[PDB]
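Raw contents of my_file.txt, compact mmCIF, N, CA and C atoms:
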```txt
# COMPACT_ATOMS: atom_id res chain seq x y z
N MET A 1 97.58 123.75 103.78
CA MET A 1 98.62 123.13 102.92
C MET A 1 99.59 122.34 103.79
N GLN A 2 100.48 121.58 103.15
CA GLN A 2 101.46 120.78 103.87
C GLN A 2 102.52 120.25 102.92
N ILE A 3 103.69 119.92 103.48
CA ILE A 3 104.79 119.40 102.68
C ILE A 3 105.30 118.08 103.25
N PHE A 4 105.90 117.27 102.40
CA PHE A 4 106.42 115.97 102.82
C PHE A 4 107.95 116.00 102.89
N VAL A 5 108.51 115.36 103.91
CA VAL A 5 109.96 115.32 104.08
C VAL A 5 110.44 113.87 104.14
N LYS A 6 111.28 113.49 103.18
CA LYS A 6 111.81 112.13 103.14
C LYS A 6 113.21 112.08 103.74
N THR A 7 113.44 111.09 104.59
CA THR A 7 114.74 110.93 105.23
C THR A 7 115.52 109.79 104.58
N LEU A 8 116.68 109.48 105.15
CA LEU A 8 117.52 108.41 104.61
C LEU A 8 116.98 107.05 105.04
N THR A 9 115.97 107.06 105.89
CA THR A 9 115.37 105.81 106.37
C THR A 9 114.10 105.49 105.59
N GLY A 10 113.66 106.44 104.77
CA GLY A 10 112.46 106.25 103.96
C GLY A 10 111.25 106.92 104.62
N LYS A 11 111.09 106.70 105.92
CA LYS A 11 109.98 107.29 106.65
C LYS A 11 109.77 108.74 106.22
N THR A 12 108.58 109.03 105.70
CA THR A 12 108.26 110.38 105.25
C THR A 12 107.52 111.15 106.35
N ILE A 13 107.94 112.38 106.59
CA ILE A 13 107.31 113.21 107.61
C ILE A 13 106.45 114.30 106.96
N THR A 14 105.39 114.69 107.65
CA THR A 14 104.50 115.73 107.14
C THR A 14 104.72 117.03 107.90
N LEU A 15 105.11 118.08 107.16
CA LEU A 15 105.36 119.38 107.77
C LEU A 15 104.36 120.41 107.25
N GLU A 16 103.83 121.22 108.17
CA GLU A 16 102.87 122.25 107.80
C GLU A 16 103.54 123.62 107.78
N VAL A 17 103.40 124.33 106.67
CA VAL A 17 104.00 125.65 106.54
C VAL A 17 103.06 126.60 105.80
N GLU A 18 103.40 127.89 105.82
CA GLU A 18 102.59 128.90 105.15
C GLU A 18 103.49 129.83 104.33
N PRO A 19 102.97 130.44 103.29
CA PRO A 19 103.77 131.36 102.42
C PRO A 19 104.14 132.65 103.14
N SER A 20 104.01 132.64 104.47
CA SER A 20 104.34 133.82 105.27
C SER A 20 105.50 133.51 106.22
N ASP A 21 105.61 132.25 106.61
CA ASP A 21 106.68 131.83 107.52
C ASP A 21 107.91 131.40 106.73
N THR A 22 109.08 131.50 107.36
CA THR A 22 110.32 131.12 106.70
C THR A 22 110.64 129.65 106.96
N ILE A 23 111.42 129.06 106.07
CA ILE A 23 111.79 127.65 106.21
C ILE A 23 112.45 127.41 107.56
N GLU A 24 112.81 128.49 108.24
CA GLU A 24 113.45 128.38 109.54
C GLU A 24 112.54 127.65 110.53
N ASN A 25 111.25 127.97 110.48
CA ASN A 25 110.28 127.34 111.37
C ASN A 25 110.18 125.85 111.09
N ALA A 26 110.18 125.49 109.80
CA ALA A 26 110.09 124.09 109.41
C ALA A 26 111.27 123.30 109.97
N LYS A 27 112.46 123.88 109.88
CA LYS A 27 113.66 123.21 110.38
C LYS A 27 113.55 122.97 111.88
N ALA A 28 113.06 123.98 112.61
CA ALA A 28 112.91 123.86 114.05
C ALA A 28 111.85 122.82 114.40
N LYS A 29 110.83 122.72 113.55
CA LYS A 29 109.76 121.75 113.78
C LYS A 29 110.29 120.33 113.67
N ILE A 30 111.07 120.07 112.62
CA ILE A 30 111.64 118.74 112.41
C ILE A 30 112.55 118.36 113.58
N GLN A 31 113.22 119.36 114.14
CA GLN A 31 114.13 119.12 115.25
C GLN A 31 113.37 118.63 116.48
N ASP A 32 112.22 119.25 116.74
CA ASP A 32 111.41 118.88 117.89
C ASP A 32 110.66 117.57 117.64
N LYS A 33 110.59 117.17 116.37
CA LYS A 33 109.88 115.94 116.02
C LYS A 33 110.83 114.74 115.97
N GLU A 34 112.02 114.95 115.43
CA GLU A 34 113.00 113.87 115.32
C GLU A 34 114.10 114.01 116.37
N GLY A 35 114.20 115.19 116.98
CA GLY A 35 115.22 115.42 118.00
C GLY A 35 116.57 115.71 117.36
N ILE A 36 116.56 115.98 116.06
CA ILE A 36 117.80 116.27 115.34
C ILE A 36 118.09 117.78 115.36
N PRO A 37 119.30 118.20 115.67
CA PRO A 37 119.64 119.66 115.70
C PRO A 37 119.70 120.26 114.29
N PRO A 38 119.61 121.56 114.18
CA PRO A 38 119.66 122.26 112.87
C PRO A 38 121.03 122.16 112.21
N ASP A 39 122.06 121.92 113.02
CA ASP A 39 123.42 121.80 112.51
C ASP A 39 123.61 120.49 111.75
N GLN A 40 122.86 119.46 112.16
CA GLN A 40 122.97 118.16 111.51
C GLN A 40 121.76 117.90 110.62
N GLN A 41 121.05 118.96 110.26
CA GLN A 41 119.88 118.84 109.41
C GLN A 41 119.98 119.80 108.22
N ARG A 42 119.81 119.26 107.02
CA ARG A 42 119.89 120.07 105.81
C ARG A 42 118.72 119.75 104.88
N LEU A 43 117.88 120.75 104.62
CA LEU A 43 116.73 120.56 103.75
C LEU A 43 117.08 120.94 102.31
N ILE A 44 117.01 119.96 101.42
CA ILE A 44 117.32 120.19 100.01
C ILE A 44 116.07 119.99 99.16
N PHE A 45 115.93 120.80 98.12
CA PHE A 45 114.78 120.70 97.23
C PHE A 45 115.12 121.27 95.85
N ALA A 46 116.35 121.06 95.41
CA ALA A 46 116.79 121.55 94.11
C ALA A 46 118.31 121.55 94.02
N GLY A 47 118.96 120.93 95.00
CA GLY A 47 120.42 120.86 95.03
C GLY A 47 121.02 122.18 95.51
N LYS A 48 121.41 123.02 94.56
CA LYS A 48 122.00 124.31 94.90
C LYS A 48 123.01 124.16 96.03
N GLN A 49 124.23 123.76 95.67
CA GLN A 49 125.29 123.58 96.66
C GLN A 49 125.92 124.92 97.02
N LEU A 50 126.10 125.16 98.31
CA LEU A 50 126.71 126.41 98.77
C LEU A 50 126.18 127.59 97.96
N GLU A 51 125.09 128.19 98.44
CA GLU A 51 124.50 129.33 97.75
C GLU A 51 125.17 130.63 98.18
N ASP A 52 125.20 131.60 97.27
CA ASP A 52 125.81 132.89 97.56
C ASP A 52 125.04 133.62 98.66
N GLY A 53 123.76 133.28 98.79
CA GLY A 53 122.92 133.92 99.81
C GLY A 53 121.45 133.57 99.59
N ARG A 54 121.20 132.62 98.70
CA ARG A 54 119.83 132.20 98.41
C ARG A 54 119.34 131.21 99.46
N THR A 55 118.02 131.16 99.64
CA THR A 55 117.42 130.25 100.62
C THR A 55 116.46 129.29 99.93
N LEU A 56 116.08 128.24 100.65
CA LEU A 56 115.16 127.24 100.10
C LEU A 56 113.80 127.88 99.82
N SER A 57 113.40 128.82 100.67
CA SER A 57 112.12 129.49 100.51
C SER A 57 112.10 130.29 99.21
N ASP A 58 113.27 130.77 98.80
CA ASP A 58 113.37 131.55 97.57
C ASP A 58 112.92 130.71 96.37
N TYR A 59 112.79 129.41 96.58
CA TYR A 59 112.36 128.51 95.51
C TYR A 59 110.84 128.43 95.46
N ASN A 60 110.18 129.15 96.36
CA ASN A 60 108.72 129.14 96.41
C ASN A 60 108.19 127.72 96.48
N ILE A 61 108.73 126.94 97.41
CA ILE A 61 108.29 125.55 97.57
C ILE A 61 106.78 125.45 97.45
N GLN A 62 106.31 124.42 96.75
CA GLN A 62 104.88 124.21 96.56
C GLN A 62 104.35 123.20 97.57
N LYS A 63 103.03 123.02 97.58
CA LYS A 63 102.41 122.07 98.50
C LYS A 63 102.62 120.64 98.02
N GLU A 64 102.37 119.68 98.91
CA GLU A 64 102.54 118.28 98.57
C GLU A 64 103.87 118.05 97.85
N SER A 65 104.91 118.73 98.32
CA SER A 65 106.23 118.60 97.71
C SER A 65 107.12 117.70 98.56
N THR A 66 107.93 116.88 97.89
CA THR A 66 108.83 115.97 98.59
C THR A 66 110.15 116.66 98.92
N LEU A 67 110.42 116.81 100.21
CA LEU A 67 111.65 117.46 100.65
C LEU A 67 112.71 116.42 100.99
N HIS A 68 113.96 116.71 100.64
CA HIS A 68 115.05 115.79 100.91
C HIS A 68 115.80 116.21 102.17
N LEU A 69 115.68 115.41 103.23
CA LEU A 69 116.34 115.71 104.49
C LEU A 69 117.72 115.05 104.54
N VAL A 70 118.76 115.88 104.58
CA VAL A 70 120.13 115.37 104.62
C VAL A 70 120.72 115.55 106.02
N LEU A 71 121.57 114.61 106.42
CA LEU A 71 122.20 114.67 107.73
C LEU A 71 123.70 114.93 107.59
N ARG A 72 124.14 116.08 108.09
CA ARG A 72 125.55 116.45 108.02
C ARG A 72 126.22 116.29 109.39
N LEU A 73 127.22 115.42 109.46
CA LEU A 73 127.93 115.19 110.71
C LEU A 73 127.04 114.43 111.70
N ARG A 74 127.44 113.19 112.01
CA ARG A 74 126.67 112.37 112.94
C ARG A 74 127.36 112.33 114.30
N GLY A 75 126.61 111.93 115.32
CA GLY A 75 127.15 111.85 116.67
C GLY A 75 127.50 110.41 117.03
N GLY A 76 126.61 109.49 116.70
CA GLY A 76 126.84 108.08 117.00
C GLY A 76 127.63 107.41 115.88
```
Represent the structure contained in this file as structure tokens.
Amino acid sequence: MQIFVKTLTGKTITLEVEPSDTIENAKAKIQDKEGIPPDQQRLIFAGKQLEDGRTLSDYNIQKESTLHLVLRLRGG
């Protein structure tokens, strides 16, 4: 399986995940691919602003799903 991640530049990235690993791995993967830190990277797939303790994985993300990559706080 695999998931798609869309950025603010349009370029879509392909991320591979499994129903056993946490979205944490996906975030780290994108960081090593784009060089963006986890602090300036936010994966959205249903909005949910400031959750009480829920995670993106709790949404049971499906395959071939479009993920929204948001950038919080820029350096340049």
>> Need to verify the contact set: segment 49-55 of chain A, 10 Å, only C-alpha atoms, exclusion of same-chain residues closer than 5 positions in sequence. Can you return it as a ChimeraX atom specification?
In response: /A:22-24,44,60
> What does the distance from atom N of residue 71 of chain A to atom CA of residue 40 of chain A come to in Å, to one decimal?
Replying inline: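 Result for atom N of residue 71 of chain A versus atom CA of residue 40 of chain A: 6.4 Å, one decimal.
The two atoms in question, atom C of residue 6 of chain A and atom CA of residue 35 of chain A, are spaced 14.8 Å apart.
Distance-wise, atom CA of residue 20 of chain A and atom C of residue 57 of chain A end up 10.5 Å apart.
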> Would you give me, as a list in words, the residues in chain A that DSSP reads as alpha helix (DSSP H)?
Replying inline: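 Reading the DSSP output for chain A, alpha helix (DSSP H) covers residues 23, 24, 25, 26, 27, 28, 29, 30, 31, 32, 33 and 34 of chain A.
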Where atoms are absent from segment 33-50 of chain A, fill them in so it carries N, CA, C and O atoms, then output it as a PDB file, in the frame of the given file.
```pdb
ATOM      1  N   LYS A  33     110.590 117.170 116.370  1.00  0.00           N
ATOM      2  CA  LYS A  33     109.880 115.940 116.020  1.00  0.00           C
ATOM      3  C   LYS A  33     110.830 114.740 115.970  1.00  0.00           C
ATOM      4  O   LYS A  33     110.476 113.651 116.411  1.00  0.00           O
ATOM      5  N   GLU A  34     112.020 114.950 115.430  1.00  0.00           N
ATOM      6  CA  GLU A  34     113.000 113.870 115.320  1.00  0.00           C
ATOM      7  C   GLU A  34     114.100 114.010 116.370  1.00  0.00           C
ATOM      8  O   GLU A  34     114.850 113.068 116.621  1.00  0.00           O
ATOM      9  N   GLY A  35     114.200 115.190 116.980  1.00  0.00           N
ATOM     10  CA  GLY A  35     115.220 115.420 118.000  1.00  0.00           C
ATOM     11  C   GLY A  35     116.570 115.710 117.360  1.00  0.00           C
ATOM     12  O   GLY A  35     117.605 115.681 118.032  1.00  0.00           O
ATOM     13  N   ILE A  36     116.560 115.980 116.060  1.00  0.00           N
ATOM     14  CA  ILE A  36     117.800 116.270 115.340  1.00  0.00           C
ATOM     15  C   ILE A  36     118.090 117.780 115.360  1.00  0.00           C
ATOM     16  O   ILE A  36     117.189 118.574 115.087  1.00  0.00           O
ATOM     17  N   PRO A  37     119.300 118.200 115.670  1.00  0.00           N
ATOM     18  CA  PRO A  37     119.640 119.660 115.700  1.00  0.00           C
ATOM     19  C   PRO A  37     119.700 120.260 114.290  1.00  0.00           C
ATOM     20  O   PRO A  37     119.831 119.532 113.306  1.00  0.00           O
ATOM     21  N   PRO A  38     119.610 121.560 114.180  1.00  0.00           N
ATOM     22  CA  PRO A  38     119.660 122.260 112.870  1.00  0.00           C
ATOM     23  C   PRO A  38     121.030 122.160 112.210  1.00  0.00           C
ATOM     24  O   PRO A  38     121.162 122.304 110.991  1.00  0.00           O
ATOM     25  N   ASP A  39     122.060 121.920 113.020  1.00  0.00           N
ATOM     26  CA  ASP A  39     123.420 121.800 112.510  1.00  0.00           C
ATOM     27  C   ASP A  39     123.610 120.490 111.750  1.00  0.00           C
ATOM     28  O   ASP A  39     124.422 120.407 110.831  1.00  0.00           O
ATOM     29  N   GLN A  40     122.860 119.460 112.160  1.00  0.00           N
ATOM     30  CA  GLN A  40     122.970 118.160 111.510  1.00  0.00           C
ATOM     31  C   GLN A  40     121.760 117.900 110.620  1.00  0.00           C
ATOM     32  O   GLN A  40     121.480 116.752 110.260  1.00  0.00           O
ATOM     33  N   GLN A  41     121.050 118.960 110.260  1.00  0.00           N
ATOM     34  CA  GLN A  41     119.880 118.840 109.410  1.00  0.00           C
ATOM     35  C   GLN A  41     119.980 119.800 108.220  1.00  0.00           C
ATOM     36  O   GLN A  41     120.216 120.998 108.397  1.00  0.00           O
ATOM     37  N   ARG A  42     119.810 119.260 107.020  1.00  0.00           N
ATOM     38  CA  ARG A  42     119.890 120.070 105.810  1.00  0.00           C
ATOM     39  C   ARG A  42     118.720 119.750 104.880  1.00  0.00           C
ATOM     40  O   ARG A  42     118.581 118.625 104.408  1.00  0.00           O
ATOM     41  N   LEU A  43     117.880 120.750 104.620  1.00  0.00           N
ATOM     42  CA  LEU A  43     116.730 120.560 103.750  1.00  0.00           C
ATOM     43  C   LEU A  43     117.080 120.940 102.310  1.00  0.00           C
ATOM     44  O   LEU A  43     117.396 122.095 102.028  1.00  0.00           O
ATOM     45  N   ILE A  44     117.010 119.960 101.420  1.00  0.00           N
ATOM     46  CA  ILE A  44     117.320 120.190 100.010  1.00  0.00           C
ATOM     47  C   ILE A  44     116.070 119.990  99.160  1.00  0.00           C
ATOM     48  O   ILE A  44     115.247 119.112  99.434  1.00  0.00           O
ATOM     49  N   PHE A  45     115.930 120.800  98.120  1.00  0.00           N
ATOM     50  CA  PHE A  45     114.780 120.700  97.230  1.00  0.00           C
ATOM     51  C   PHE A  45     115.120 121.270  95.850  1.00  0.00           C
ATOM     52  O   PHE A  45     114.274 121.887  95.194  1.00  0.00           O
ATOM     53  N   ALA A  46     116.350 121.060  95.410  1.00  0.00           N
ATOM     54  CA  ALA A  46     116.790 121.550  94.110  1.00  0.00           C
ATOM     55  C   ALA A  46     118.310 121.550  94.020  1.00  0.00           C
ATOM     56  O   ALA A  46     118.891 122.098  93.084  1.00  0.00           O
ATOM     57  N   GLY A  47     118.960 120.930  95.000  1.00  0.00           N
ATOM     58  CA  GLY A  47     120.420 120.860  95.030  1.00  0.00           C
ATOM     59  C   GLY A  47     121.020 122.180  95.510  1.00  0.00           C
ATOM     60  O   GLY A  47     121.117 122.422  96.709  1.00  0.00           O
ATOM     61  N   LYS A  48     121.410 123.020  94.560  1.00  0.00           N
ATOM     62  CA  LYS A  48     122.000 124.310  94.900  1.00  0.00           C
ATOM     63  C   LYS A  48     123.010 124.160  96.030  1.00  0.00           C
ATOM     64  O   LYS A  48     122.701 124.396  97.192  1.00  0.00           O
ATOM     65  N   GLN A  49     124.230 123.760  95.670  1.00  0.00           N
ATOM     66  CA  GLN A  49     125.290 123.580  96.660  1.00  0.00           C
ATOM     67  C   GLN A  49     125.920 124.920  97.020  1.00  0.00           C
ATOM     68  O   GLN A  49     126.244 125.720  96.135  1.00  0.00           O
ATOM     69  N   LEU A  50     126.100 125.160  98.310  1.00  0.00           N
ATOM     70  CA  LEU A  50     126.710 126.410  98.770  1.00  0.00           C
ATOM     71  C   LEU A  50     126.180 127.590  97.960  1.00  0.00           C
ATOM     72  O   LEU A  50     126.742 127.948  96.928  1.00  0.00           O
TER      73      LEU A  50
END
```
